[PDB]
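Let us start with two forms of the same protein chain, each given on its own as C-alpha cells and named structure 1 and structure 2.
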Structure 1
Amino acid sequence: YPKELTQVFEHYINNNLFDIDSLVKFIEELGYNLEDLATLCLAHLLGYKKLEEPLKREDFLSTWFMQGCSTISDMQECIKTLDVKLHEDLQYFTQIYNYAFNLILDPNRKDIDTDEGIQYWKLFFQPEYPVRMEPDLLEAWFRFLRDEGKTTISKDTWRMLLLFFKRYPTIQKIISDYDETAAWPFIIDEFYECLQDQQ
C-alpha cells in the first residue's frame, strides 16, 4: 500500500481502532454527516456490516487501493461519485436502500425502530432520487405508522416498501390498482385500508 494511504488510516484511528468516532471525523472531513445517505454509500463500499463496528486496517487499505485512491482528496472524489450514482442509478439506489436496513439495525435486534426507519425514509424517498412518488403518500405512510402503533419495522417490510412505492406513486394509483390478496406484507394491506377510508 502507498504510504499516503496508510497515513490516512493512521490519522483517523482512535487508540488502535478505526471506530465510530474515527468514521465520524473521517466523513465530516470529506464534507458529510453520519446520517447522510452518502455515508451509507461509503460504508457499503468499505464493507461495513454495522455502523458502530470497528473497521479493520486491511479492509480500509485494500478497498481504497482497489478503487485507485491513496489520498483524502481521492476519497472525497470517490464518494461524490457514489453520491451522484445514488441520485441517478435506480439499481444502485435499490442496493443501497436494501443495505441500509442491516447497517442501522442494532446487532442485538431483528427489527429496527420505526423512528429510525422514518428518519432514512425521509431522505431516500425525495424526488431528487430515482424513485418518484408524491410527498402526500410518503407522509400518509409515516402517519399510518404513528397512528396505528407500528413501532418496529421488519426487513421484509423494509424491502417490500421500495417495491410498493416503485409501483404506487400516488394515494390514488393505489385505489385504482391495489390488490390486498396479493403478496404485499400485511402491514401494507392495513395501510391500504386506511388510504381507502380517507377517500
Structure 2
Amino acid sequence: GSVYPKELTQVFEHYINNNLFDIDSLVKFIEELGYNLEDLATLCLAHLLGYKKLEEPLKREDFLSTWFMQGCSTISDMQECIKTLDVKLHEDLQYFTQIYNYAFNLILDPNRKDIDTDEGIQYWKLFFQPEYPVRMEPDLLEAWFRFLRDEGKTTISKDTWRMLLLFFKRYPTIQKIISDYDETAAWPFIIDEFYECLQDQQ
C-alpha cells in the first residue's frame, strides 16, 4: 500500500524546517547520526539518499523510499547502515572511487562547471588520509597543493579530479613521476604542467 512505518515518518518530521528537509535538516541529521561534517561517511549518506545537489531539498518520498529499502525505521538502524558504508569506504577501492567522483558533483556550486581549487584542496585533504586506500608520499600531495596555488589554478575540472586518483596510485612519489611520467599520454593538461613544475624543482 502507501503508509511507511510511523517511526520512519516521525524521523523525517523531526528534521524538517518549515516543511522542507533542507541544509539545516541534513546537518542536524548528520549530528544525530553521530558524525562530524569532516567525516567522509557523510558522503555515503548523501549518496545513499540520492542527493544531486546540496542546495536542493531532499524529497519526503526519496527519504522514506531509501530507508524502507535499507530496513531502517530508527536512528539506531540508520547509524548501523552508515557505519557499514563507512567501513566499505575504507576497504573497497571501487566504492571509495565512486564516492570520490561523486564528491566532485556535490562540491560543484550551482551554475558552475569546475570546482574552486580551495574547496577542492580542502576535500583532497579528507580523501588522502592514510586510513584511506589510495596512499602516497606526503611531500607529493603537498607539492600538488603548492603547484595549484603558485601557478594560479583557481579551478579544477571533472577530468582532472577523476584522473588524479589513477595518477596517485600510478605515481605515489615525486621521484616516481620524474622517472616514469610521459607527457604524450592522455593525462589532463594540468597534470602535464604539474610534471614540468616538478621537473624544474629537481
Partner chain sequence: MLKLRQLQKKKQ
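Residue positions are counted from 1 along structure 1's sequence. Residues that one form lacks are left out of the comparison. Heads up, when I say rigid core I mean the largest set of C-alphas that superpose within 1.5 Å between the two forms.
Taken from the form deposited with the partner chain bound, structure 2 is distinct in origin from structure 1.
For the listed set 148, 58, 35, 139, the sole C-alpha moving 2 Å or more between structure 1 and structure 2 on a rigid core superposition is that of 35. Comparison between structure 1 and structure 2 places the CA of residue 77 1.1 angstrom away from its other position, after core fitting. On rigid-core superposition between structure 1 and structure 2, the C-alpha of residue 99 is found to move 0.4 angstrom. Once both forms are overlaid on their core, the sole residue range between structure 1 and structure 2 with Cα shifts reaching 2 Å in three or more consecutive positions is 33-36.
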